[PDB]
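*Asks:* turn this into a model:
(2 chains)
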Amino acid sequence: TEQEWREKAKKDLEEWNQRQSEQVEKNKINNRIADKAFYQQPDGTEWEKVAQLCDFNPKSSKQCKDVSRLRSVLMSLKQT
Amino acid sequence: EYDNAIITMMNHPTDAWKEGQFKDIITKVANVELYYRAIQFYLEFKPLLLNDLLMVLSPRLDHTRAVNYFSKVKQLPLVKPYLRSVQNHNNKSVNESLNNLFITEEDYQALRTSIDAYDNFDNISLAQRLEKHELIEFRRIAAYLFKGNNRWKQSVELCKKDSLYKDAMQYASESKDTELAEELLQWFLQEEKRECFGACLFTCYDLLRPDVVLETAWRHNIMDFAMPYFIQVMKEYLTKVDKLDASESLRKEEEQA
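*Replies:* Numbering: from 1, shown residues only, chains lettered A, B, ... in the order given. This is the structure:
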């Protein structure tokens, strides 16, 4: 029965499309709340802000010019 | 009987057809379009039983027309396992198909890893899609492929557009090149995101000359996140003059001999 087989092919296609749309909606609302997180942010209290708004990254990638003082400012001034 | 087998399988869609029986005689079939007819007739009746033929039709396959017809039937998400099988080839068609799978998929992480492993495509259109793909991460990868395309100053410029929340700095880091960060960072100072401008300048500190820094510090009469950078200036300069005095001592002492 070619007709019923085509019907079942369309059925499988629709059953696949509905789960596709469902998963698109799911990841979409996931990205919505993730963007709300991307929208929940600003742009001692001065140190609280140098941490909050744009916090630097004290990594081991300081190979540029041997900048050490970042070691101190993190505890002397910045984020202190 | 092999030709007879494919006939008696395909000849009677009404009463005499069978999905599985075809997986054996394929070994001696010269042409490849016969397997295309097989998979097409399967899609016509039993699209769920394709995966088998996909597993078996792996070595001898003209994947070009395969993925073409899969796009025609638009069972690309159904032929997806075959796509996982053949994507290791880094071919234009398979790469673009997976990229569309990611676009409609709204996926970026696996999309990231894929466009890292495979590259047989352009950056322009991909940037177009990702920049408008609803996620700071999507447009972030749109920008990433700019250096992926080896054209900077537009990516970090896009960070300047929207991703300002330390992400502007996030790509100021990778910008890694001079004669931009001066004016970009000054414009950055125009708005009072300077709060962390010590980092905003350090993220590309390699080739900064502090003289303009002192100038602009004077221009706004601004010292915060510069007083630290001032300590930087003098301490690097401290070390510099120190090693200089050292080397000089060495030279003048060795001059005697």
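*Asks:* doesn't residue B:177 belong to a strand?
*Replies:* No - Residue B:177 is assigned coil when assessed by DSSP: H, G, I helix; E, B strand; the rest coil, not a strand.
*Asks:* that one and chain A, how far apart?
*Replies:* Separation of residue B:177 from chain A (C-beta to the nearest C-beta, to the nearest Å): 13 Å. To be clear about C-beta, it is placed using only N, CA and C from the backbone, and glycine gets the same treatment.
*Asks:* now that residue. Nearest residue, chain neighbours left out?
*Replies:* residue B:152 (6.4 Å; C-beta to C-beta, 6 or more residues apart in numbering or on different chains).
*Asks:* just to check, that neighbour is in contact with residue B:178?
*Replies:* No - applying C-beta atoms under 8 Å as the test, residue B:152 and residue B:178 come out as separate, 11.5 Å apart.
*Asks:* mind checking which of these two has more residues around it?
*Replies:* residue B:152 (17 against 12; other C-beta atoms under 10 Å in any protein chain shown).
*Asks:* let me know the secondary structure of the more buried one.
*Replies:* Applying three-state DSSP: residue B:152 is coil.
*Asks:* flag every buried residue along stretch B:139-157.
*Replies:* The neighbour-count check on stretch B:139-157 (16 or more other C-beta atoms under 10 Å in any protein chain shown) flags B:139-148, B:152, B:154-157 as buried.
*Asks:* out of those, which comes closest to residue B:193?
*Replies:* Nearest to residue B:193 among the buried residues of stretch B:139-157: residue B:156, at 14.6 Å, using C-beta to C-beta.
*Asks:* tell me the spacing between that closest one and residue B:166.
*Replies:* According to C-beta to C-beta, to the nearest Å, residue B:156 and residue B:166 sit 13 Å apart.
*Asks:* and for residue B:111?
*Replies:* The gap separating residue B:111 from residue B:166 is 23 Å, by C-beta to C-beta.
*Asks:* what does residue B:226 give?
*Replies:* 19 Å.
*Asks:* over to residue B:239?
*Replies:* On the measure of C-beta to C-beta, residue B:239 and residue B:166 end up 29 Å apart.
*Asks:* remind me, longest helix of chain A?
*Replies:* helix A:2-38 (DSSP state H).
*Asks:* and if you look at chain B?
*Replies:* helix B:227-254.
*Asks:* that one vs chain A: in contact?
*Replies:* Yes - residues of helix B:227-254 contacting chain A under C-beta under 8 Å from any C-beta of the partner chain: B:228, B:231, B:232, B:235, B:236, B:239.
*Asks:* so which elements touch that helix?
*Replies:* Secondary-structure packing of helix B:227-254 (3 or more C-beta pairs under 8 Å, 6 or more residues apart in numbering or on different chains; DSSP states H and E): helix B:197-202, helix B:210-219.
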